[PDB]
Structure formats: C-alpha cells, structure tokens
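For neighbour counting, all protein chains shown are included, and Cβ atoms are generated from backbone atoms with ideal geometry for every residue, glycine included. Quick note: the coordinates plus some simple rules give every number you see, no bench work behind them.
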Amino acid sequence: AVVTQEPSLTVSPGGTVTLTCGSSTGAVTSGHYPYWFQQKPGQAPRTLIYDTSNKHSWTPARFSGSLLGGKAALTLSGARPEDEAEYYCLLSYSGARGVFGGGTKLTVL
Amino acid sequence: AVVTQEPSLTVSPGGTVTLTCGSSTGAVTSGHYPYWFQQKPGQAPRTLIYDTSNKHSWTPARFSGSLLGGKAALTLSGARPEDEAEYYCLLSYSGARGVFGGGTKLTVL
Amino acid sequence: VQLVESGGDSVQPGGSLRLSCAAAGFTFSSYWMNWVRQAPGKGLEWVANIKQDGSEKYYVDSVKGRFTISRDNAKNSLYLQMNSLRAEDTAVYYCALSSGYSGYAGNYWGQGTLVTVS
Amino acid sequence: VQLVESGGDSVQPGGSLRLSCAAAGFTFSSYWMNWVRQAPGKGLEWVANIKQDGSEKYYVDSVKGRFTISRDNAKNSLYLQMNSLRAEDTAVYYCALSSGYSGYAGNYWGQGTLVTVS
Amino acid sequence: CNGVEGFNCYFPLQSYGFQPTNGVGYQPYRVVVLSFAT
C-alpha cells in the first residue's frame with residue numbers, strides 16, 4: 001500500500017509537464033484504473049482524470065491522462081499560471097482500497 | 001494501423017470470388033479510398049482498383065472493386081487460371097500513410 | 001451534482017465523531033460513496049468507501065476496526081462514524097461521488113468538513 | 001508511363017542506402033510518388049510518400065526518423081534515403097505513381113530494386 | 001448518467017489537439033462550404 005510521486009515540478013509558461021505516479025510493487029496498468037486530482041489553495045480536490053485516461057468536462061484539454069513506463073502520469077501540452085496546484089494520484093489494488101501518492105506540487109515560472 | 005485479410009481463397013474455373021479486406025477499427029468506406037493490387041510470381045504489384053471502385057484499363061473486367069459490410073473487396077464474376085496471384089489491399093487513414101493487409105492468395109482449382 | 005458534507009467539529013481524543021454527506025441533483029443509489037481526509041500541510045489520505053447498495057464496505061487498513069459506514073437510500077445520504085479518534089487525526093474530510101468503472105475513487109467532490117481533535 | 005527504380009545493392013546493417021526512381025513518358029510534378037517494400041515470402045509494406053510539390057512527406061511509423069525523401073522536378077526523379085538500415089530490412093523496393101484522389105497510393109508500378117542487408 | 005459524468009457517461013464534446021508540430025493530417029484546417037434569384 002505504497003505510492004510515490006516526484007515532490008515537485010517547475011514549468012515555464014507554455015512549456016510541457018510530466019507529473020508521475022506509481023506503486024512500490026509490480027507496474028501501473030489500466031487495471032489500477034488510475035485517478036488524478038487537482039487541488040488549489042482553499043479548494044477541495046477535483047478529479048481531472050479517471051479510469052486511467054478519461055478526462056472530465058471541467059478539465060482543460062491541455063491536460064492528458066497518459067501512462068508511462070509502468071507508471072501513471074498527468075501531462076500538460078502547455079502549462080499556464082492558472083494551473084498552479086498540488087496534484088494527487090490514486091491507484092486501486094486488490095479491491096476498492098486505493099492509496100494516494102505523496103503529492104506533486106506544480107508551479108509556473 | 002492494422003489491416004486484415006482472408007489468408008487464401010480457392011475458386012473453380014468460371015466460379016465467382018470474394019476477396020476481403022478491412023481495418024481493425026471503425027469500418028471501411030469510400031473515405032479510405034481503398035486500393036487493390038495483383039502480384040504474379042516474378043512481377044511487380046499491379047494496381048487493379050483505386051479510390052474504392054475505379055478499375056484500371058489493364059485490369060480484366062471480370063474483376064470488380066466493390067465494398068461489403070464495412071469492408072473492402074475485390075470480386076470476380078468468373079475466375080480463370082490466369083488470375084492465380086497474391087492480392088493485396090491498401091487503406092488510407094488520417095493521411096497518406098496507408099496500411100497493407102496481410103495478403104490474400106487466390107488459386108484456381 | 002452537489003455533495004454536501006458536514007459534522008466536523010472540535011472534539012476530544014479517545015472519543016468519537018459521526019460525519020455525514022447528502023446527495024443533491026443526482027440519484028444516490030446508483031453510485032459509490034467515498035471518504036478522503038487531508039491533514040493541513042499534508043497530501044490526501046484514502047479513508048473509506050461503500051458500494052452502491054451498501055452490501056460491501058472498504059477501508060484503508062489504518063482506520064480498519066475504527067471506522068464504520070452506514071447509509072439511507074431514502075434520504076440520499078451516508079454516514080461515517082469514527083471511533084477511538086486520535087489527536088493526530090486532524091483533517092478535512094471530503095465526500096466524493098464515484099461513477100467510474102470500479103467505484104473505488106470519486107469524480108465529484110464536496111467542500112469538506114473540518115475535524116479537529118484536541 | 002514508366003517508372004525506373006534502382007540503387008538496390010548488398011549492404012551492411014547499421015549503414016545507409018540511397019534509392020532512386022526516374023519518371024519517363026509522363027510529367028513528374030503532377031503526381032504523388034510512392035515507395036513500397038516487399039520482403040521475400042512476405043506481403044507488401046507501405047514505406048513512404050511525398051506530395052507533388054515536395055511540401056509534404058509521409059512515412060509509415062516503422063521507418064519514421066530513419067527514411068528521408070527529396071526530389072528534383074527538373075530531372076523528373078526522386079530519392080529515398082534510408083539511414084540506420086537493419087539486417088531485417090531485406091526487401092524489394094518499388095516505385096509507384098499515384099494519380100488518385102488523395103495521392104496516397106500508386107496506380108502505376110516499376111519493376112523494383114532489391115535491397116539486401118548482411 | 002443522470003447528470004453525473006463517469007464510466008459509459010461521457011461529456012458529448014471533445015476538443016481538437018491543434019499544435020504547430022502535430023504532423024500534417026493533424027493540423028487545423030479552415031473549411032468554408034458555400035451551399036446553394038438575388
């Protein structure tokens with residue numbers, strides 16, 4: 001029940017982003033049905049990506065719920081100042097007892 | 001970028017033929033502008049059908065560039081021994097990066 | 001699609017607190033209902049879930065045996081009760097609605113209710 | 001309408017080879033020019049194309065970044081250069097002339113040139 | 001799918017990923033159709 005993330009990422013305006021998440025064991029696949037959330041100060045976490053790669057209607061299309069080399073990711077095609085937030089990942093396991101990562105802070109330079 | 005074909009067909013002289021081709025996704029329509037080619041041993045592939053149903057001047061009229069149920073086809077109204085050849089299909093996709101099928105071998109009994 | 005969560009208050013350690021979440025604008029008994037908590041300055045911690053019809057419940061091991069979930073489909077709401085609550089368990093609890101494939105994680109989130117233990 | 005293709009030879013893997021095709025009996029810069037390859041015992045594989053005026057080029061993903069097409073409209077010919085050529089890439093390459101709707105697939109074919117990698 | 005987005009409950013509209021480096025067939029194109037006395 002261990003999930004890790006890169007503590008922080010800094011991106012220049014218009015630059016791309018690769019936020020990562022994964023489990024201490026095995027590899028992340030669609031079977032973990034990975035979720036990604038965005039939290040701005042004073043706000044509740046909002047789901048951006050669900051079930052690996054499905055994007056929500058309130059999520060800017062600049063965000064993409066892609067997978068990497070046995071890891072979950074949330075990438076951007078061009079970051080904006082409005083995207084500064086703490087991002088969180090959640091993976092499923094043997095059942096509906098998911099585990100969150102440590103959190104990855106995204107800031108814009 | 002996956003195209004499949006029936007591996008082989010055997011037809012009695014004077015009998016009809018239905019060679020088939022299609023994509024792993026969606027359905028084949030005139031928007032794929034399908035092509036069919038004929039290759040005899042020692043020869044270069046020759047185009048018989050282009051842009052779905054247009055037949056070339058060097059192609060026997062016994063051949064017909066028809067479409068089936070979401071699939072491309074090359075049919076014959078009466079096969080002859082001279083038609084023994086490997087036939088190939090080619091479909092377009094998002095651009096001019098077409099994909100060939102596995103090849104369908106036609107022989108005459 | 002609104003999730004209204006309340007019940008958070010200032011409580012003493014060793015006691016218990018019952019939190020609740022009400023559904024509005026959508027059908028309650030068609031989705032899974034999640035609980036997540038966040039200590040100030042920390043990331044999100046998975047706490048608990050419950051199946052659409054209440055036949056199954058799920059907990060993170062750290063709250064197993066202490067947390068209980070019950071629901072009333074006629075009131076479109078669910079309750080989470082936490083017994084033997086620790087002084088360390090200061091967090092905002094959030095209600096989330098899961099309409100995804102497995103029902104394990106929420107898509108829609110409420111505003112959260114703050115639980116402070118002292 | 002003749003397509004004359006050459007340049008195939010016996011080459012070593014990891015190197016490169018430039019193939020070429022000349023047009024005869026028709027106008028070059030009015031049609032799209034295609035490349036197709038066939039390994040012995042195998043079916044046809046799409047390799048590459050180029051637009052009538054050279055402003056656009058297309059490749060099958062499997063050769064992307066390795067194959068380059070250039071042309072000279074004053075010589076009625078085009079060249080295909082394949083870098084980092086693999087031992088597995090033994091095939092007869094064919095030149096084909098596309099006069100169809102999209103220009104994506106050829107109607108007229110040349111005799112082909114054999115590329116053997118060892 | 002009663003107002004709640006989720007599995008098999010998708011939002012009907014999707015944007016195009018238009019970028020200057022996105023090949024040829026993935027580039028944006030402007031299309032005007034003139035559909036047919038004054």
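Taking C:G43, C:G106, C:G15 in turn, the Gaussian network model of chain C (Cα-Cα springs below 10 Å) assigns the largest fluctuation to C:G43.
Please sort by residue number the chymotrypsin sites (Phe, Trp or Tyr not before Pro) in region D:30-87 whose DSSP state is loop and whose Cβ has at most 14 other Cβ atoms within 10 Å.
On the way: sites: D:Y31, D:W32, D:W35, D:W46, D:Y58, D:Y59, D:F67, D:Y79; in loops: D:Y31.
Within region D:30-87, no chymotrypsin sites (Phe, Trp or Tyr not before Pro) qualify (loop, at most 14 other Cβ atoms within 10 Å).
Residues B:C89, A:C21, ranked from the fewest to the most other C-beta atoms within 10 Å, line up as A:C21, B:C89.
Add +1 for every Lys or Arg and -1 for every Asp or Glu among the other residues with Cβ under 15 Å from the Cβ of B:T10, and state the total. Before the final figure, lay out each step's value.
Numbers: positive: B:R80, B:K105; negative: B:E6, B:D83, B:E84, B:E86.
Computed value for this residue: -2.
Which net charge results when you count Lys and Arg as +1 and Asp and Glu as -1 among the other residues whose beta-carbon is under 15 Å from that of A:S77?
+1
Simple rule: put +1 on each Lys or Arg Cβ and -1 on each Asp or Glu Cβ in the protein assembly as shown, find the dipole, and look at A:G102, C:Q2, B:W58; the Cα lying farthest toward the positive end is B:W58. Here the calculated FRET efficiency for B:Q43 and E:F36, from their Cβ-Cβ distance with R0 = 51 Å, stands at 0.60, rounded to the nearest 0.05. Applying the Karplus relation 6.51 cos²θ - 1.76 cosθ + 1.60 with θ = phi - 60° to region A:93-109 yields 3J(HN,Hα) values of 10, 7, x, 7, 9, x, 10, 8, x, x, x, 10, 8, 10, 10, 10, 7 Hz, where x marks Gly and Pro. The Cβ shell under 11 Å around D:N49 holds other residues with a net charge of +2, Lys and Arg each +1, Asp and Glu each -1.
By definition, a body whose alpha carbon gyration tensor gives a ≥ b ≥ c is prolate when a/c is 1.5 or more and a/b is larger than b/c, and chain A fits this prolate description.
Shown for A:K105, B:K40: other C-beta atoms within 10 Å of each C-beta, ranked fewest to most, produce the order B:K40, A:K105.
Assigning unit charges at the beta carbon (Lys, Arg +1; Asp, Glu -1) and nothing else, what dipole magnitude in debye, to the nearest 20, does chain A show about its Cα centre? Intermediate results must be reported in sequence, preceding the final value.
Details: 8 positive and 6 negative charges, 22 e Å.
For this selection, approximately 100 debye.
D:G7 label point (Cα plus 7 Å toward Cβ) to equivalent points in the other copies: 7.3 nm, shortest first.
Let me know the shape class of chain D, please: from the alpha-carbon gyration tensor, a ≥ b ≥ c as square roots of the eigenvalues, rounded when a/c is under 1.5, otherwise prolate if a/b is greater than b/c, or oblate.
Working: a/c = 1.66, a/b = 1.59, b/c = 1.05.
Since a/c reaches 1.5 and a/b is larger than b/c, the shape of chain D is classed as prolate.
Annotation for region A:30-104: GluC sites (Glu not before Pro) lying in DSSP loop with at most 16 further Cβ atoms inside 10 Å of their Cβ are A:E84.
Straight-distance candidates among the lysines for linking to A:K105, with alpha-carbon spacing under 28 Å and chain neighbours fewer than 8 residues away dropped: A:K40, A:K55, A:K71, C:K42.
Averaging sequence separations of C-alpha pairs under 8 Å and six or more residues apart, then dividing by the length of chain D, give the relative contact order as a whole percent. Don't jump to the answer; show the numbers that get you there.
Values: 296 pairs, mean separation 43.5, N = 118.
Relative contact order, chain D: 37 percent.
If you take the square roots of the eigenvalues of the alpha-carbon gyration tensor of the protein assembly as shown and sort them as a ≥ b ≥ c, do you get rounded (a/c under 1.5), prolate (a/b over b/c) or oblate? Note, shape of the protein assembly as shown comes out prolate.
Across the identical copies, the label point of C:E56 (7 Å from Cα in the Cβ direction) is separated from its matches by 5.0 nm, in order from shortest. Between amide H atoms placed 1.01 Å from N, distances below 5 Å from C:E56 occur with C:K51, all of them 5 or more places distant or on a separate chain.
Inter-copy label distances at D:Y79, using a point 7 Å along Cα-to-Cβ, come to 8.2 nm with the shortest given first. Of all chain A residues, the closest to the A-onto-B rotation axis by Cβ, with that distance in whole Å, is A:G26, 0.
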